[PDB]
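Just so we're on the same page, PDB author numbering is the position in the sequence shown counted from 1, plus 100.
Ideal Cβ positions, reconstructed from N, Cα and C, are used throughout, including at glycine.
Down below is the structure, laid out as structure tokens.
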Amino acid sequence: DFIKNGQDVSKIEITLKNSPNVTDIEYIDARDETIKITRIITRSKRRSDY
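Here it is in structure tokens:
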């Protein structure tokens, strides 16, 4: 119900800024200041793809 009717795929690009003060980042090294995440979700699957 969140996705508007008429389409099945939804491209949403979300970015996060990581600072060296916070460590122990999972799947991402602490030296990377910014990250690029392009998530997409459809009506068939319940979980979202990242």
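Could you check which residue in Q107, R147, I128, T142 has the C-alpha nearest to that of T115? Position 15 of the sequence shown, counting from 1, holds the residue named residue 115. Among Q107, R147, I128, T142, the Cα nearest to that of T115 belongs to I128.
Secondary structure of residue 151, DSSP reduced to three states: No answer is possible for residue 151: the residues shown for the chain start at 101 and end at 150.
Hey, quick one: how far does the beta strand (DSSP E) through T115 stretch, first residue to last? Numbered from its first residue, the sequence shown carries residue 115 at position 15. Run containing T115: 111 to 117, per the beta strand (DSSP E) assignment.
Where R131 falls: helix, strand or coil (DSSP): The count along the sequence shown starts at 1 and reaches residue 131 at position 31. Note: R131 maps to coil in three-state DSSP.
For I135 versus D149, is the C-beta distance shorter than 8 Å? The count along the sequence shown starts at 1 and reaches residue 135 at position 35. The count along the sequence shown starts at 1 and reaches residue 149 at position 49. Their beta carbons are not under 8 Å apart, which means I135 does not touch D149 by this criterion.
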